[PDB]
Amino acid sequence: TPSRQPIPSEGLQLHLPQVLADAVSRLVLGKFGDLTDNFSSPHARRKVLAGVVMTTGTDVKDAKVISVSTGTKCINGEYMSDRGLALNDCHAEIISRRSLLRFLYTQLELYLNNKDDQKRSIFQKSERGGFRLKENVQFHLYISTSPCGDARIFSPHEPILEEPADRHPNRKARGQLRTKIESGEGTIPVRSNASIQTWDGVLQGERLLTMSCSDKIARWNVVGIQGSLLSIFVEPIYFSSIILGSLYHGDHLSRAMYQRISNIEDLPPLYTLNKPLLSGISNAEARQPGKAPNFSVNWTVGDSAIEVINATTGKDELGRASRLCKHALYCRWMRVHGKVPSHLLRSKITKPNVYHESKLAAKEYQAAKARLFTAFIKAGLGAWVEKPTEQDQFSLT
């Protein structure tokens, strides 16, 4: 099956694709096991499993499971947080990325902690200013099934024939932006009659829109996985690899993960359209039809236990904010910002100490973001949907 064969990376090829895929799938699944009393725990129940793994060199056993997560559902509109205490998106892979961020903050704290630790940190000072990764370190993303949104919209028991080389005899656009529908694991296209969300309107019962994971990952393949805030310290980090435990299709997946916005232009220095290794695994999971657990589990290496969050409310069953919510990450960030000398910043601590404004200090990441949004529009693939601005207006302590 030409549809069921690995797509090599436009990054660094340090391992062979299939050994790497089977490796990270095996490790992540194993580490979730260890975190759950050998899959016996109540919180081992899941529909989609994801994780992030790190490699330091060509030795494919140099690997570390960085983070592990499960989840297939999104916050209710009615339940959003004004102080950023809620998790808007608890799909497995989104959560994994967020935990990965915690690992990145810990690694900066490690470097800046003392000098003897700097040899142990994944980071180093960067010649261009700020920090950069060590010369060989790569991260790999694993999802137990293809990401929601465009990567999954296809008939897995029918041969592919999407777009012939000649201009489609009918019409174009087979990459459209799609959103999670509130109260569902599913995804629907974006309206071309695009109205924006408001804060008190959505809170009343109007549709909560969250971009699909396919669209989110593409975003990660343009602006990097660190997000805005961290980019003030560090240079853009991209996934080198994307491994799927099931529903793998090279044509569709390469389309969704980068190929559909290949018309992107004017990306700032260090930014690029990252085309990672794509691959499924040798022994793919079977579809289990049945109820998807209402919770989302997350773990970052260093942690003792996993954390269990009610996807609907974005907080845990006792209503306590997660270590992953905006407020928490801002906390980690503020701490790092304090431990970091001002001549070592990638941009300037100019703006106020509210979340959104501190995001705007990342001028370049912001610029990349705009090129991205524009890329989707000109590609005839729909306009991105952002949360209402009130979501990001809060302070700490």
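We number the residues from 1 along the sequence you see.
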Flanks modelled, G205 absent in at least a third of other entries: yes
Other entries modelling both neighbours but not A284, at least a third: no
327-335 set against 55-63, stretch whose average Cα temperature factor tops the other in the entry: 55-63
Comparing 25-33 with 336-344, the one whose average Cα B-factor in the PDB entry is higher: 336-344
Highest recorded Cα temperature factor - choice among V190, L101, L161, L278: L161
Deposited CA B-factor, highest of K315, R287, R167, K216: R167
Assigned third (lowest, middle, highest) for the C-alpha B factor of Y142: lowest
Entry-reported Cα temperature factor of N274, expressed as the chain third it lands in: lowest
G201 CA temperature factor, ranked by third within the chain: highest
Position of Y258 among the chain's modelled residues by C-alpha B-factor, lowest, middle or highest third: lowest
Among modelled residues of the same chain, the CA temperature factor third for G302: highest
